[PDB]
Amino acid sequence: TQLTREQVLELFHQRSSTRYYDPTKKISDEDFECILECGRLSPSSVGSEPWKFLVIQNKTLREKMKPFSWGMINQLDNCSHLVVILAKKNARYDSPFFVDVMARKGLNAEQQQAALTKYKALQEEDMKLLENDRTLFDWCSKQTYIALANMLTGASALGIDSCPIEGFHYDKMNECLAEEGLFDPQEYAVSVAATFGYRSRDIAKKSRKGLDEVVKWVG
């Protein structure tokens, strides 16, 4: 709730990508539930929350991923928890998906038509998202990277290590998960994944570009 600049900086400095997990250690259900809340409570463009969190504790499913998940093949067997994040497909301003968005905010027929023209201008004019399906999906997939970032940070504040994962064949992971009946492949598609647990090895040297190279002040 309140931290000092030296605790805040250390909290973001201390989080590291953990590629080797201790299979003997596992996260508590209350610890992981608060990690998932970090995700659920994340902000998202126009309150869209275009995400779904699949928690893959089934061990037969983890083994089936191994062949096309080179980024986490040596993490799938030992991590305590695995999360695959999906992003909403085709979240157009006039889609049922956005009727639910407006409905969660209690919008009358007039409030909805004003919000609808705002969504349209955002998607069609401001960001040019309705050229094809991939650009619109990537917009919701961007929001899911917000939830991903917050789950990593919330985990690291609870002493739990993590690794974000993109190292897998999207097409094969999509098919494997949709054929296992875990989501409707016309409404959602995989966006990014993440492992959680406790490090087995040591945490390496934090390496990033300098602050003076990545910031330009405009005064």
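Start at 1 and count along the sequence shown; that's the residue number.
- When 22 to 30 is weighed against 169 to 177, 22 to 30 comes out higher, by mean CA B-factor as recorded in the entry.
- Stretch comparison (103 to 111 versus 85 to 93) by mean CA B-factor in the PDB entry places 103 to 111 on top.
- In the deposited entry, the Cα temperature factor of residue 130 places it in the middle third of its chain's modelled residues.
- Sorting the modelled residues of the chain by their CA temperature factor places residue 182 in the middle third.
- Ranked against the other modelled residues of its chain, the C-alpha B-factor of residue 45 as given in the entry falls in the lowest third.
- In the deposited entry, the Cα temperature factor of residue 144 sits in the bottom third of values across the chain's modelled residues.
- Among all modelled residues in its chain, residue 215 ranks in the lowest third by Cα B-factor.
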